[PDB]
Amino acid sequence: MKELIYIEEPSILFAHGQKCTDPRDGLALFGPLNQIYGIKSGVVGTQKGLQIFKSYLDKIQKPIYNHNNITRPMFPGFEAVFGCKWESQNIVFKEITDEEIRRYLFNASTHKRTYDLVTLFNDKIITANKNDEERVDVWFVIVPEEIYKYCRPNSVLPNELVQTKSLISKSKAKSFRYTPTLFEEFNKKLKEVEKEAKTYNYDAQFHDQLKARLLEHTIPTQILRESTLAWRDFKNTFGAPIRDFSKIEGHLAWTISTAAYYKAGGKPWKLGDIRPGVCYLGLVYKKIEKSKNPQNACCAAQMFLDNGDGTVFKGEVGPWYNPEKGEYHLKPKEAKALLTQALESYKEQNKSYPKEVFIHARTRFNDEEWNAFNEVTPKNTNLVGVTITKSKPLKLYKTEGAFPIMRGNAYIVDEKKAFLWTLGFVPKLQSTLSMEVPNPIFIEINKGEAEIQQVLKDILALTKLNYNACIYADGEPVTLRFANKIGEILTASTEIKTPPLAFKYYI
């Protein structure tokens, strides 16, 4: 028999210097770590969207229960939790008219459709941001259901509902260059063709395109579907709610509130016990399939300290991908550049250099980029590189009962690799964190030297800094939890020079 260890569940600190394991319970009993005095809501959408948002704002004032309030704890109400008020009295409304939606949603091409609608929302957001001062905390994009359905990639609009036609096809759109002639009437139609063709350089999904084209303006946005806030009124042909939130309403309220609270400037919680000077860096890669080069991809880094308000550094594009082995590796230059970006940002924030630098990735680092990392690393700063995979076939089945293994159990293969059960049974909720039998993540100190148990503890603690999800704990550390999200946001605009930005502008 092989022996497992147990890693005690890390604690998160809330208000009044109190520490706990469940952010919902800690927020309900004590309150948020940072405190703000009001959420000035900006609302973009139809009048019906504003009505739905105001109805949800009125609802979350009162308590909202779940079905099984042990697995998912109840929601006492916004003011009774955050000590703040999220009132409809402070709503700066910028209306999107119905005819405005009909003008741009019924184009045969998905890319122009999504680009036009994202532009319609973004122009309102940015104009209200600039002209009449910056007086709101978060901008809440209330997305109608039709837009969400038809402004997504691989989504076809019925030909009978098309009102405006397409001018250029998808294959030739990215190669179209507008070159003027000496015929004005001709140049007009050429400019229209270019207007349509430019949208194929953006990703045809409303969410990433809106959040990416809004990066250069630094405006917090929470995108909520109309059917998310009014799921009772979005039924099928059987009179039944399409998205049934009836048994988890409270949990929903816990998620929308906390996330909003983070985007409004306040930090709900931070890590309770962590060593000073530590800094965690999660790598992010996303292949740019638009470019002809099969190796072309975008790179980025997510920095986290003792809280979930991380920092996102956008790297350059390059042949980071190796179609051969299917692992992204960075070339020496970009390794140096990205690590220097991160370390200089750390020095600007903490006025010192990190005592340790843990680089998290899903693959094993090659020596070529690790030496470039070491070149810029200060010196008396331990720099290691950890591999978290999840795709490791090891499953432990409890010998009896339907309940699975308990979260926190860990199997240490050697002084450099171990197995961590971030998912499994958790005695607090008296339920499971995942369906079926949990798959433990595999951790390996691929490059560098450090204690295996300390890295395990740090990862387990890093599964608790998710601000969007107000849940007990996550499956993977925040350093890699939103890697695909950041990657797609960075490749959705294809026209960005973004500086180091906070998480609340991508999250």
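Each residue number is its position in the shown sequence, starting from 1.
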Q) Do the CA atoms of 17 to 25 or those of 486 to 494 have the higher mean B-factor in the entry? A) 486 to 494
Q) Is the mean CA B factor in the deposited entry higher across 234 to 242 or across 418 to 426? A) 234 to 242
Q: Compare the CA B factors listed in the entry for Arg103, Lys85, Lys263, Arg364 and report the winner.
A: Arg364
Q) If you compare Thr399, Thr97, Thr311, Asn409, which has the highest Cα B-factor in the entry? A) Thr399
Q: Among all modelled residues of this chain, ranked by Cα B factor, put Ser55 in the bottom, middle or top third, i.e. lowest, middle or highest.
A: lowest
**Q.** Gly475 - Cα temperature factor, lowest/middle/highest third of chain
**A.** middle
Q: Could you tell me which third, lowest, middle or highest, the C-alpha B-factor of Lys379 occupies within its chain?
A: highest
Q. Would the CA B-factor of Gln35 place it in the lowest, middle or highest third of its chain?
A. middle
Q: Could you look up the Cα B-factor of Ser257 in the entry and say which third of the chain it sits in: lowest, middle or highest?
A: lowest
